[PDB]
Each structure stands twice: as structure tokens, then as C-alpha cells.
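A.B. asks: You'll find query-v3.pdb just under this line, and it carries PDB, C-alpha atoms.
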```pdb
ATOM      1  CA  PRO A   1     -78.892  -0.330  21.388
ATOM      2  CA  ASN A   2     -81.385   1.294  19.014
ATOM      3  CA  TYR A   3     -83.584  -0.327  16.368
ATOM      4  CA  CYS A   4     -84.622   1.275  13.087
ATOM      5  CA  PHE A   5     -87.663   0.237  11.037
ATOM      6  CA  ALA A   6     -89.640   2.201   8.464
ATOM      7  CA  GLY A   7     -87.298   5.123   9.019
ATOM      8  CA  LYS A   8     -87.942   5.421  12.747
ATOM      9  CA  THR A   9     -85.652   4.672  15.671
ATOM     10  CA  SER A  10     -86.874   2.938  18.811
ATOM     11  CA  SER A  11     -85.097   1.810  21.967
ATOM     12  CA  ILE A  12     -85.729  -0.424  24.967
ATOM     13  CA  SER A  13     -87.535   2.532  26.535
ATOM     14  CA  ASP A  14     -90.177   2.301  23.798
ATOM     15  CA  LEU A  15     -91.178  -1.266  24.677
ATOM     16  CA  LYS A  16     -94.377  -1.592  26.703
ATOM     17  CA  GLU A  17     -93.220  -2.931  30.061
ATOM     18  CA  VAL A  18     -95.955  -4.964  31.732
ATOM     19  CA  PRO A  19     -95.767  -5.243  35.529
ATOM     20  CA  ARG A  20     -94.554  -8.717  36.451
ATOM     21  CA  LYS A  21     -97.298  -9.156  39.060
ATOM     22  CA  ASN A  22     -99.833  -8.817  36.236
ATOM     23  CA  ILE A  23     -98.423 -11.835  34.389
ATOM     24  CA  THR A  24     -99.290 -15.446  35.209
ATOM     25  CA  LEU A  25     -97.904 -18.516  33.443
ATOM     26  CA  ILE A  26    -100.579 -21.140  32.788
ATOM     27  CA  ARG A  27     -98.854 -23.991  30.972
ATOM     28  CA  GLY A  28     -95.875 -24.823  28.813
ATOM     29  CA  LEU A  29     -96.573 -24.984  25.088
ATOM     30  CA  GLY A  30     -93.520 -27.031  24.165
ATOM     31  CA  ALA A  31     -84.104 -24.598  21.339
ATOM     32  CA  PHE A  32     -83.125 -21.522  23.355
ATOM     33  CA  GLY A  33     -85.779 -20.470  25.846
ATOM     34  CA  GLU A  34     -89.250 -21.894  26.453
ATOM     35  CA  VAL A  35     -92.711 -20.727  25.387
ATOM     36  CA  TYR A  36     -95.698 -20.649  27.732
ATOM     37  CA  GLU A  37     -99.358 -19.823  27.644
ATOM     38  CA  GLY A  38     -99.920 -16.907  30.000
ATOM     39  CA  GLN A  39    -102.466 -14.363  31.210
ATOM     40  CA  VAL A  40    -102.027 -10.613  31.621
ATOM     41  CA  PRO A  41    -107.652 -11.386  31.331
ATOM     42  CA  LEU A  42    -105.699 -11.224  28.078
ATOM     43  CA  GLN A  43    -104.420 -14.613  26.907
ATOM     44  CA  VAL A  44    -100.852 -14.479  25.611
ATOM     45  CA  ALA A  45     -97.851 -16.563  24.665
ATOM     46  CA  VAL A  46     -94.794 -15.890  26.813
ATOM     47  CA  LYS A  47     -91.283 -16.312  25.432
ATOM     48  CA  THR A  48     -88.643 -16.448  28.144
ATOM     49  CA  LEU A  49     -84.953 -15.607  28.224
ATOM     50  CA  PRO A  50     -82.944 -18.116  30.239
ATOM     51  CA  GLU A  51     -81.298 -16.475  33.247
ATOM     52  CA  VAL A  52     -78.166 -18.437  32.418
ATOM     53  CA  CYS A  53     -77.374 -16.612  29.186
ATOM     54  CA  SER A  54     -74.595 -14.491  27.693
ATOM     55  CA  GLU A  55     -74.612 -10.717  27.283
ATOM     56  CA  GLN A  56     -75.095 -11.412  23.579
ATOM     57  CA  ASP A  57     -78.153 -13.539  24.340
ATOM     58  CA  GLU A  58     -79.556 -10.558  26.235
ATOM     59  CA  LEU A  59     -79.005  -8.168  23.338
ATOM     60  CA  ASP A  60     -80.545 -10.701  20.948
ATOM     61  CA  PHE A  61     -83.629 -11.005  23.160
ATOM     62  CA  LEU A  62     -83.959  -7.228  23.371
ATOM     63  CA  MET A  63     -83.614  -6.854  19.616
ATOM     64  CA  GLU A  64     -86.281  -9.499  18.991
ATOM     65  CA  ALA A  65     -88.649  -7.537  21.220
ATOM     66  CA  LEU A  66     -87.917  -4.288  19.390
ATOM     67  CA  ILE A  67     -88.383  -5.870  15.966
ATOM     68  CA  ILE A  68     -91.738  -7.513  16.633
ATOM     69  CA  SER A  69     -93.087  -4.537  18.583
ATOM     70  CA  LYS A  70     -92.542  -2.171  15.658
ATOM     71  CA  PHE A  71     -94.418  -4.225  13.050
ATOM     72  CA  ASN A  72     -98.099  -3.402  12.543
ATOM     73  CA  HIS A  73     -99.898  -5.918  10.328
ATOM     74  CA  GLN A  74    -102.625  -8.506  10.813
ATOM     75  CA  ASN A  75    -100.447 -11.276   9.342
ATOM     76  CA  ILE A  76     -97.549 -10.697  11.714
ATOM     77  CA  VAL A  77     -97.864 -11.872  15.320
ATOM     78  CA  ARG A  78     -98.563  -8.962  17.683
ATOM     79  CA  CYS A  79     -96.408  -8.136  20.687
ATOM     80  CA  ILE A  80     -98.529  -7.323  23.743
ATOM     81  CA  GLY A  81     -95.461  -6.104  25.574
ATOM     82  CA  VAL A  82     -92.463  -7.231  27.585
ATOM     83  CA  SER A  83     -91.365  -7.884  31.145
ATOM     84  CA  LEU A  84     -87.657  -7.101  31.036
ATOM     85  CA  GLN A  85     -87.286  -5.664  34.536
ATOM     86  CA  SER A  86     -87.779  -9.010  36.267
ATOM     87  CA  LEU A  87     -85.979 -12.341  35.805
ATOM     88  CA  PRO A  88     -86.390 -14.420  33.826
ATOM     89  CA  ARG A  89     -87.201 -11.787  31.209
ATOM     90  CA  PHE A  90     -90.418 -12.176  29.186
ATOM     91  CA  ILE A  91     -91.667 -11.173  25.775
ATOM     92  CA  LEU A  92     -95.464 -11.268  25.573
ATOM     93  CA  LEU A  93     -96.893 -12.294  22.213
ATOM     94  CA  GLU A  94    -100.241 -12.878  20.555
ATOM     95  CA  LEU A  95    -101.323 -16.405  21.536
ATOM     96  CA  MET A  96    -101.495 -18.583  18.429
ATOM     97  CA  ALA A  97    -103.498 -21.659  19.398
ATOM     98  CA  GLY A  98    -103.069 -23.316  16.020
ATOM     99  CA  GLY A  99     -99.333 -23.718  16.561
ATOM    100  CA  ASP A 100     -96.672 -23.641  13.849
ATOM    101  CA  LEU A 101     -97.685 -24.138  10.230
ATOM    102  CA  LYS A 102     -95.375 -27.070   9.475
ATOM    103  CA  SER A 103     -96.659 -29.134  12.401
ATOM    104  CA  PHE A 104    -100.231 -28.161  11.557
ATOM    105  CA  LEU A 105     -99.887 -29.343   7.960
ATOM    106  CA  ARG A 106     -98.355 -32.655   8.996
ATOM    107  CA  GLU A 107    -100.894 -33.355  11.734
ATOM    108  CA  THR A 108    -103.954 -32.220   9.775
ATOM    109  CA  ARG A 109    -103.239 -34.134   6.554
ATOM    110  CA  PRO A 110    -106.336 -35.821   5.124
ATOM    111  CA  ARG A 111    -106.558 -39.404   6.381
ATOM    112  CA  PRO A 112    -109.237 -42.108   6.208
ATOM    113  CA  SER A 113    -110.110 -40.930   9.725
ATOM    114  CA  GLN A 114    -110.328 -37.287   8.648
ATOM    115  CA  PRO A 115    -110.895 -37.476   4.861
ATOM    116  CA  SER A 116    -111.890 -33.809   4.673
ATOM    117  CA  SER A 117    -109.598 -32.313   7.317
ATOM    118  CA  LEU A 118    -108.139 -29.936   4.721
ATOM    119  CA  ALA A 119    -109.035 -28.729   1.214
ATOM    120  CA  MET A 120    -107.174 -26.753  -1.460
ATOM    121  CA  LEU A 121    -108.889 -23.541  -0.381
ATOM    122  CA  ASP A 122    -107.521 -23.910   3.164
ATOM    123  CA  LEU A 123    -104.005 -24.054   1.726
ATOM    124  CA  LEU A 124    -104.572 -21.112  -0.618
ATOM    125  CA  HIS A 125    -105.858 -19.067   2.321
ATOM    126  CA  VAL A 126    -102.725 -19.841   4.334
ATOM    127  CA  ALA A 127    -100.587 -18.897   1.328
ATOM    128  CA  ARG A 128    -102.489 -15.647   0.881
ATOM    129  CA  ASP A 129    -102.152 -14.825   4.596
ATOM    130  CA  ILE A 130     -98.390 -15.180   4.604
ATOM    131  CA  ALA A 131     -98.046 -13.438   1.227
ATOM    132  CA  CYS A 132     -99.926 -10.474   2.727
ATOM    133  CA  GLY A 133     -97.446 -10.365   5.596
ATOM    134  CA  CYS A 134     -94.541 -10.616   3.153
ATOM    135  CA  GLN A 135     -95.963  -7.786   1.053
ATOM    136  CA  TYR A 136     -96.070  -5.632   4.186
ATOM    137  CA  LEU A 137     -92.440  -6.462   4.954
ATOM    138  CA  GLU A 138     -91.484  -5.755   1.335
ATOM    139  CA  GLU A 139     -93.179  -2.354   1.210
ATOM    140  CA  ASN A 140     -91.364  -1.452   4.438
ATOM    141  CA  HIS A 141     -88.028  -2.632   3.064
ATOM    142  CA  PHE A 142     -87.611  -5.385   5.649
ATOM    143  CA  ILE A 143     -85.975  -8.591   4.434
ATOM    144  CA  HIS A 144     -87.063 -11.594   6.479
ATOM    145  CA  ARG A 145     -84.381 -14.023   5.244
ATOM    146  CA  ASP A 146     -86.104 -17.132   6.617
ATOM    147  CA  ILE A 147     -89.644 -17.382   5.235
ATOM    148  CA  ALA A 148     -90.538 -21.009   5.983
ATOM    149  CA  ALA A 149     -93.452 -22.991   7.397
ATOM    150  CA  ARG A 150     -91.720 -23.573  10.750
ATOM    151  CA  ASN A 151     -91.596 -19.793  11.208
ATOM    152  CA  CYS A 152     -95.325 -19.213  10.695
ATOM    153  CA  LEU A 153     -98.096 -19.688  13.266
ATOM    154  CA  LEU A 154    -101.872 -20.194  13.122
ATOM    155  CA  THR A 155    -104.487 -18.456  15.269
ATOM    156  CA  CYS A 156    -106.434 -21.708  15.615
ATOM    157  CA  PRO A 157    -106.654 -25.235  14.133
ATOM    158  CA  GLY A 158    -110.179 -24.824  12.805
ATOM    159  CA  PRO A 159    -111.813 -23.172   9.739
ATOM    160  CA  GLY A 160    -111.363 -19.502  10.628
ATOM    161  CA  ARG A 161    -107.614 -19.916  11.059
ATOM    162  CA  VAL A 162    -105.290 -17.085  10.072
ATOM    163  CA  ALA A 163    -101.608 -17.675   9.328
ATOM    164  CA  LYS A 164     -99.012 -15.139  10.459
ATOM    165  CA  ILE A 165     -95.252 -14.690  10.288
ATOM    166  CA  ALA A 166     -93.924 -15.236  13.798
ATOM    167  CA  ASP A 167     -90.205 -15.930  13.986
ATOM    168  CA  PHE A 168     -87.747 -13.158  13.111
ATOM    169  CA  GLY A 169     -84.601 -14.677  14.583
ATOM    170  CA  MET A 170     -82.590 -14.691  11.365
ATOM    171  CA  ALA A 171     -83.354 -11.058  10.583
ATOM    172  CA  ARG A 172     -82.446 -10.284  14.188
ATOM    173  CA  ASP A 173     -79.073 -12.028  13.897
ATOM    174  CA  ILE A 174     -78.295 -10.067  10.735
ATOM    175  CA  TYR A 175     -79.413  -6.734  12.164
ATOM    176  CA  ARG A 176     -76.874  -7.199  14.963
ATOM    177  CA  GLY A 177     -75.126 -19.357  14.113
ATOM    178  CA  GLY A 178     -73.171 -21.186  11.438
ATOM    179  CA  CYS A 179     -73.087 -22.769   7.987
ATOM    180  CA  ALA A 180     -74.780 -25.922   9.286
ATOM    181  CA  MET A 181     -77.699 -23.872  10.625
ATOM    182  CA  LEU A 182     -78.291 -21.799   7.486
ATOM    183  CA  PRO A 183     -81.733 -22.428   5.918
ATOM    184  CA  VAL A 184     -80.077 -23.295   2.605
ATOM    185  CA  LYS A 185     -83.145 -25.119   1.259
ATOM    186  CA  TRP A 186     -85.083 -21.859   1.411
ATOM    187  CA  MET A 187     -82.388 -19.586  -0.070
ATOM    188  CA  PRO A 188     -81.840 -18.286  -3.650
ATOM    189  CA  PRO A 189     -78.475 -18.697  -5.455
ATOM    190  CA  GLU A 190     -77.260 -15.119  -4.995
ATOM    191  CA  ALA A 191     -77.965 -15.434  -1.268
ATOM    192  CA  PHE A 192     -75.781 -18.404  -0.348
ATOM    193  CA  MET A 193     -73.169 -17.474  -2.962
ATOM    194  CA  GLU A 194     -72.604 -13.719  -2.660
ATOM    195  CA  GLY A 195     -74.509 -13.032   0.539
ATOM    196  CA  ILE A 196     -76.642 -10.580  -1.414
ATOM    197  CA  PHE A 197     -80.115 -10.115   0.056
ATOM    198  CA  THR A 198     -83.077  -8.173  -1.322
ATOM    199  CA  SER A 199     -86.860  -8.574  -1.235
ATOM    200  CA  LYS A 200     -86.460 -10.989  -4.117
ATOM    201  CA  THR A 201     -84.700 -13.169  -1.543
ATOM    202  CA  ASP A 202     -87.983 -13.522   0.323
ATOM    203  CA  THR A 203     -89.814 -14.187  -2.956
ATOM    204  CA  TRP A 204     -87.653 -17.258  -3.520
ATOM    205  CA  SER A 205     -88.209 -18.434   0.052
ATOM    206  CA  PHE A 206     -91.951 -17.924  -0.333
ATOM    207  CA  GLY A 207     -91.917 -20.254  -3.320
ATOM    208  CA  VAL A 208     -90.406 -22.916  -1.104
ATOM    209  CA  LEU A 209     -93.011 -22.193   1.581
ATOM    210  CA  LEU A 210     -95.679 -22.670  -1.094
ATOM    211  CA  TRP A 211     -94.207 -26.092  -1.823
ATOM    212  CA  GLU A 212     -94.231 -26.859   1.900
ATOM    213  CA  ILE A 213     -97.885 -25.869   2.095
ATOM    214  CA  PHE A 214     -99.138 -27.810  -0.913
ATOM    215  CA  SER A 215     -97.034 -30.857  -0.046
ATOM    216  CA  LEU A 216     -98.786 -30.720   3.341
ATOM    217  CA  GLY A 217     -95.652 -30.240   5.399
ATOM    218  CA  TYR A 218     -92.897 -32.212   3.678
ATOM    219  CA  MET A 219     -89.270 -31.156   4.013
ATOM    220  CA  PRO A 220     -88.243 -29.410   0.765
ATOM    221  CA  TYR A 221     -86.009 -31.272  -1.696
ATOM    222  CA  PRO A 222     -86.817 -34.780  -0.425
ATOM    223  CA  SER A 223     -83.727 -36.941   0.148
ATOM    224  CA  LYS A 224     -81.328 -34.071  -0.602
ATOM    225  CA  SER A 225     -78.818 -32.695   1.894
ATOM    226  CA  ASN A 226     -78.105 -28.970   2.191
ATOM    227  CA  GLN A 227     -75.012 -29.103  -0.022
ATOM    228  CA  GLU A 228     -76.792 -31.304  -2.557
ATOM    229  CA  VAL A 229     -79.596 -28.741  -2.731
ATOM    230  CA  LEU A 230     -77.084 -25.914  -3.093
ATOM    231  CA  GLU A 231     -75.466 -27.587  -6.106
ATOM    232  CA  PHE A 232     -78.846 -28.682  -7.486
ATOM    233  CA  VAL A 233     -80.423 -25.213  -7.366
ATOM    234  CA  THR A 234     -77.266 -23.452  -8.542
ATOM    235  CA  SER A 235     -77.312 -25.744 -11.589
ATOM    236  CA  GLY A 236     -80.884 -24.804 -12.462
ATOM    237  CA  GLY A 237     -82.551 -27.654 -10.606
ATOM    238  CA  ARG A 238     -86.014 -27.130  -9.104
ATOM    239  CA  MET A 239     -88.491 -29.212  -7.104
ATOM    240  CA  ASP A 240     -91.256 -31.158  -8.844
ATOM    241  CA  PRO A 241     -94.886 -30.291  -8.069
ATOM    242  CA  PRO A 242     -96.215 -31.592  -4.730
ATOM    243  CA  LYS A 243     -98.646 -34.497  -5.032
ATOM    244  CA  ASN A 244    -101.913 -33.367  -6.673
ATOM    245  CA  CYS A 245    -100.707 -29.770  -6.891
ATOM    246  CA  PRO A 246    -102.757 -27.768  -9.421
ATOM    247  CA  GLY A 247    -100.751 -26.451 -12.356
ATOM    248  CA  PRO A 248    -101.592 -22.776 -11.654
ATOM    249  CA  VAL A 249    -100.207 -23.123  -8.121
ATOM    250  CA  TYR A 250     -97.021 -24.890  -9.208
ATOM    251  CA  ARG A 251     -96.460 -22.105 -11.741
ATOM    252  CA  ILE A 252     -96.435 -19.570  -8.921
ATOM    253  CA  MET A 253     -93.655 -21.589  -7.271
ATOM    254  CA  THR A 254     -91.557 -21.776 -10.429
ATOM    255  CA  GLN A 255     -91.895 -18.026 -10.980
ATOM    256  CA  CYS A 256     -90.687 -17.487  -7.408
ATOM    257  CA  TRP A 257     -87.667 -19.653  -8.243
ATOM    258  CA  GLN A 258     -86.425 -17.742 -11.300
ATOM    259  CA  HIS A 259     -82.623 -17.697 -11.223
ATOM    260  CA  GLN A 260     -82.379 -13.938 -11.765
ATOM    261  CA  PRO A 261     -83.954 -11.940  -8.913
ATOM    262  CA  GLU A 262     -85.323  -9.351 -11.331
ATOM    263  CA  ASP A 263     -87.332 -12.098 -13.055
ATOM    264  CA  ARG A 264     -89.095 -13.055  -9.828
ATOM    265  CA  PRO A 265     -92.468 -11.489  -8.961
ATOM    266  CA  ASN A 266     -92.873  -9.049  -6.091
ATOM    267  CA  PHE A 267     -95.473  -9.912  -3.482
ATOM    268  CA  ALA A 268     -98.172  -7.725  -5.011
ATOM    269  CA  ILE A 269     -97.968  -9.942  -8.093
ATOM    270  CA  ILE A 270     -97.781 -13.102  -5.992
ATOM    271  CA  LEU A 271    -100.957 -12.071  -4.164
ATOM    272  CA  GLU A 272    -102.718 -11.405  -7.475
ATOM    273  CA  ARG A 273    -101.817 -14.883  -8.697
ATOM    274  CA  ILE A 274    -102.850 -16.587  -5.464
ATOM    275  CA  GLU A 275    -106.158 -14.724  -5.624
ATOM    276  CA  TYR A 276    -106.684 -15.918  -9.195
ATOM    277  CA  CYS A 277    -106.022 -19.523  -8.145
ATOM    278  CA  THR A 278    -108.645 -19.189  -5.415
ATOM    279  CA  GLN A 279    -111.236 -18.087  -7.979
ATOM    280  CA  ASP A 280    -110.503 -20.994 -10.339
ATOM    281  CA  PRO A 281    -112.972 -23.846  -9.735
ATOM    282  CA  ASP A 282    -110.621 -26.425 -11.242
ATOM    283  CA  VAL A 283    -107.961 -25.457  -8.712
ATOM    284  CA  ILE A 284    -110.091 -25.399  -5.568
ATOM    285  CA  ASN A 285    -112.079 -28.502  -6.548
ATOM    286  CA  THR A 286    -108.860 -30.515  -6.746
ATOM    287  CA  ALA A 287    -108.747 -33.199  -4.056
ATOM    288  CA  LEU A 288    -105.717 -33.375  -1.782
ATOM    289  CA  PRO A 289    -104.074 -36.787  -1.376
ATOM    290  CA  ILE A 290    -105.273 -38.964   1.481
ATOM    291  CA  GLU A 291    -102.417 -40.172   3.666
ATOM    292  CA  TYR A 292    -103.143 -43.816   4.385
TER     293      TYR A 292
END
```
Can the structure in the file be given as C-alpha cells, please?
C.D. replies:
Amino acid sequence: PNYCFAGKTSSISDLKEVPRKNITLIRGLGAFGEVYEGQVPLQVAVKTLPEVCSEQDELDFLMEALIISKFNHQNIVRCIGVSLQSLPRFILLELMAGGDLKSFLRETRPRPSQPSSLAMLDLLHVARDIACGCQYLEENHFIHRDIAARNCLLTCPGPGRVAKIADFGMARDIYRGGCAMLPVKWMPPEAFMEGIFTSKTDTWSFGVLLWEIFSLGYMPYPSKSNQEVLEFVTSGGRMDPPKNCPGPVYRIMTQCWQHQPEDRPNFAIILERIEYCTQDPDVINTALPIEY
């Protein structure tokens, strides 16, 4: 099977096959398939394909490799290569020691133990990082379909951290699952209703990611089920600001959640507005809540 991105066609032959003897698994790092820290030395993350898998699982794994390998942007996780000619098959990825963004936010919340673990600027930098990645996808006409905190990774826990889009499983499934597994809480009305997807789809999802970020890792639409959210959003309902969220930041969210896709900003505009928030002393001097 071939893969097309940015007007070019690649195949399995285009993937950089790394000799299996050059790859060593160091430690597990935590649904389908496991992820390890590895060495090729170059430190990598290793995603494995279970040997007990269907032919469709194999094609899915291949397509994931093709998709990530063809992106070229600092805010999308790099693919070092693959090891598909030995079993179990490997995809070799940029090692992201900070882990996933949702877990990071939850575990690094300000507490009386760590009163200054995070500040507004840290959150705005994460938002900018992912918005930069989204802008790259948008300008290359790639619709992610699942922009959410769980699908982003951090290079490290500490101050120089960079956030990157990591998981492209939904886009992979669509490129060629069930209702219960659909990320409804991240989807715009035209998406779950008509199955219409555009870049304005990802704009809506990014608004929800922004809420995730500034809530410090809460599940969107607290206390609402998927179907309750669907009816809520379809009726015009929107989330309230996260605790202590600056007005200028919340306004970016609500612009991302405009009912009509044409009324939602593209990512160039979103980046401009995030940048403006980062300049505003009243925004960045706002204290985040301390979780007791």
C-alpha cells in the first residue's frame, strides 16, 4: 500500500529500515502494543507490533510508520526509522522523556509541595508548540481529527520542555473502532453529524486542548457523558473558563468553538493570538490554582 502526503507518494520501501542487531530495548515506558525506551548511541522510543495480530493490524502499523516518517516539523515527533523485517516489528521514534501532556499536566499541578511547579507562561508555551504543529498540518492539508492532550508528548518535564503532536492513529484509521471510541468531546458539530472534516475540524479540537491545558489536565465537559456533550454542543452549549483562566485565553477557546467552521480562526490566527497573550503581563502574571 502507498501513502500520499504533500502531493508525494511513498511506500514501505521508503521507510528507513534499521538493522535489528543495532537496536536494544532498555526498559518499558508503560492499549495495542507496548512502548519501550531503546538505543540504536541514539536514544529512542520503540513502538512494537504484537506478533499475534491481524493482517489489518499489520497494515495499520505500516501506515502509521509511513505517516510519521513523512512529516517534517519540530513540533511533530520524529521517526528515526523502523525495524519491519524482524519480529516483533518496531517503529523507532523520538524519545519524549516528558511523557504525554495530559499526564504531565495532572502530575505537575501546583501543590503546597510544589507551589511554583507551573506558571501561565509554561501553559502558553505548550499551546504555542502544538499550535505550530497544527499550522504545519493545516498548510499541508492534513487533518489530524484527534487533537487532544493525550495525543501530545513532551521532550522533558523541566523548563526547556517542547510539546509535540505524537499520536496519529485516528488519521491513520481514516486514511485506510466504533461509536463508543470516537473522541466526541473534541469534535465539532459538523464532524459527528455529517462526518464532514476540514482543517476547521482541528481548530475546534485545539480549542478543547486549550481548555485541557489551562484546566491543568481535566477531562473536558466535567460530569457530561459523550452523548450529553453531543447534545450540549449541538445546542450551542460551551465549556466555562478553566479555574483562573485569563479572559484573553478563554476568548481564544470560544473563537475555536464557533458553530460555523468558516467563523473559526485558522492556526496562523490562533498563533497570533497565543503570542499576544504571552506578551500581556496581566495574562502571564496570573497565578494558577494550587491543588490542595
A.B. asks: For the file shown, what are the residues hit by the PyMOL selection byres ((chain A and resi 287) around 8), laid out as an mmCIF file with C-alpha atoms, keeping the file's coordinate frame?
C.D. replies:
```cif
data_model
loop_
_atom_site.group_PDB
_atom_site.id
_atom_site.type_symbol
_atom_site.label_atom_id
_atom_site.label_comp_id
_atom_site.auth_asym_id
_atom_site.auth_seq_id
_atom_site.Cartn_x
_atom_site.Cartn_y
_atom_site.Cartn_z
ATOM 1 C CA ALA A 119 -109.035 -28.729 1.214
ATOM 2 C CA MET A 120 -107.174 -26.753 -1.460
ATOM 3 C CA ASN A 244 -101.913 -33.367 -6.673
ATOM 4 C CA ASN A 285 -112.079 -28.502 -6.548
ATOM 5 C CA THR A 286 -108.860 -30.515 -6.746
ATOM 6 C CA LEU A 288 -105.717 -33.375 -1.782
ATOM 7 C CA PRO A 289 -104.074 -36.787 -1.376
#
```
A.B. asks: Can you pull out the residues contacting residue A:200? Cut-off 9 Å, using all atoms listed in the file, and skip same-chain residues under 6 positions away; I want them as a list in words.
C.D. replies: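 In the requested form, the answer reads residues 143, 188, 256, 261, 262, 264, 265 and 266 of chain A.
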A.B. asks: Counting only C-alpha atoms, select every polymer residue within 10 Å of (-73.8, -23.4, 4.8) as defined in the file's coordinates, and provide the selection as a PyMOL selection string.
C.D. replies: chain A and resi 178-184+192-193+226-227+230
A.B. asks: Give, as AutoDock Vina command-line options, the centre coordinates and the x, y and z edge lengths in Å to one decimal for an axis-aligned box around all listed atoms of stretch 237-247 of chain A, padded by 6 Å on each side.
C.D. replies:
```
--center_x -92.7 --center_y -30.5 --center_z -8.5 --size_x 32.2 --size_y 20.0 --size_z 19.6
```
A.B. asks: Might you spell out which residues the PyMOL selection byres ((chain A and resi 217) around 9) would select in the displayed file, as an NGL selection string?
C.D. replies: :A and (101-107 or 109 or 149 or 211-216 or 218-220)
A.B. asks: List, as a PyMOL selection string, every residue that the PyMOL selection byres ((chain A and resi 159) around 10) selects in the file provided.
C.D. replies: chain A and resi 117-118+122+156-158+160-162
A.B. asks: Taking into account all atoms listed in the file, which residue in the set A:207, A:281, A:236, A:133 is nearest to residue A:252?
C.D. replies: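 With all atoms listed in the file as the atom set, the closest residue is A:207.
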A.B. asks: Could you please give me, as an mmCIF file with C-alpha atoms, in the frame of the given file, the residues of protein, DNA or RNA lying at most 10 Å from (-90.3, 4.4, 9.4) in the coordinate frame of the file, considering all atoms listed in the file?
C.D. replies:
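Output contents, as saved in result.cif:
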```cif
data_model
loop_
_atom_site.group_PDB
_atom_site.id
_atom_site.type_symbol
_atom_site.label_atom_id
_atom_site.label_comp_id
_atom_site.auth_asym_id
_atom_site.auth_seq_id
_atom_site.Cartn_x
_atom_site.Cartn_y
_atom_site.Cartn_z
ATOM 1 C CA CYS A 4 -84.622 1.275 13.087
ATOM 2 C CA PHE A 5 -87.663 0.237 11.037
ATOM 3 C CA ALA A 6 -89.640 2.201 8.464
ATOM 4 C CA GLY A 7 -87.298 5.123 9.019
ATOM 5 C CA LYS A 8 -87.942 5.421 12.747
ATOM 6 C CA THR A 9 -85.652 4.672 15.671
ATOM 7 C CA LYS A 70 -92.542 -2.171 15.658
ATOM 8 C CA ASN A 140 -91.364 -1.452 4.438
ATOM 9 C CA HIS A 141 -88.028 -2.632 3.064
#
```
A.B. asks: Mind checking which residues fall within 10 Å of stretch 267-270 of chain A, counting all atoms listed in the file, ignoring those fewer than 4 positions away in the same chain, and posting them as a list in words?
C.D. replies: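 Once the nearby chain positions are removed, what remains is residues 127, 128, 131, 132, 133, 134, 135, 136, 137, 138, 139, 199, 200, 202, 203, 206, 207, 252, 253, 255, 256, 274, 275 and 276 of chain A.
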A.B. asks: Kindly indicate which residue among A:94, A:100, A:17, A:129 lies nearest to residue A:75, using only C-alpha atoms for the distances.
C.D. replies: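 Closest to residue A:75 of all the choices is A:129.
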A.B. asks: Report, in Å with one decimal, the straight-line distance from atom CA of residue A:150 to atom CA of residue A:209.
C.D. replies: 9.4 Å
A.B. asks: Taking into account all atoms listed in the file, which residue in the set A:36, A:197, A:186, A:221 is nearest to residue A:257?
C.D. replies: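 Ranked by minimum distance to residue A:257, first place goes to A:186.
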A.B. asks: If we count only C-alpha atoms, what is near residue A:95 at a cut-off of 8 Å, once residues fewer than 5 positions away on the same chain are taken out, given as a list in words?
C.D. replies: residues 37, 43, 44, 45 and 155 of chain A
A.B. asks: Write the selection just made, keeping C-alpha atoms, as an mmCIF file, in the coordinates of the input?
C.D. replies:
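Generated file (result_18.cif):
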```cif
data_model
loop_
_atom_site.group_PDB
_atom_site.id
_atom_site.type_symbol
_atom_site.label_atom_id
_atom_site.label_comp_id
_atom_site.auth_asym_id
_atom_site.auth_seq_id
_atom_site.Cartn_x
_atom_site.Cartn_y
_atom_site.Cartn_z
ATOM 1 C CA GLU A 37 -99.358 -19.823 27.644
ATOM 2 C CA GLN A 43 -104.420 -14.613 26.907
ATOM 3 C CA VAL A 44 -100.852 -14.479 25.611
ATOM 4 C CA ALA A 45 -97.851 -16.563 24.665
ATOM 5 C CA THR A 155 -104.487 -18.456 15.269
#
```
A.B. asks: Can you work out the spacing between atom CA of residue A:32 and atom CA of residue A:195 in Å, to one decimal?
C.D. replies: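 Computed distance, atom CA of residue A:32 to atom CA of residue A:195, equals 25.8 Å.
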A.B. asks: Record the distance separating atom CA of residue A:90 and atom CA of residue A:142, expressed in Å with one decimal.
C.D. replies: 24.7 Å
A.B. asks: Using only C-alpha atoms, which residue out of A:53, A:271, A:222, A:41 lies closest to residue A:126?
C.D. replies: A:271
A.B. asks: So that I can check the surroundings of residue A:237, please list as a ChimeraX atom specification every protein, DNA and RNA residue that reaches within 12 Å of it, counting only C-alpha atoms and ignoring chain neighbours fewer than 3 positions away.
C.D. replies: /A:188-189,221,224,228-234,240,254,257-259
A.B. asks: Choose the residue, out of A:174, A:23, A:96, A:208, that has the smallest atom-to-atom separation from residue A:250; count only C-alpha atoms.
C.D. replies: A:208
A.B. asks: Counting only C-alpha atoms, figure out which residue out of A:260, A:116, A:69, A:108 gets nearest to residue A:198.
C.D. replies: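 The answer is A:260, which sits nearest to residue A:198.
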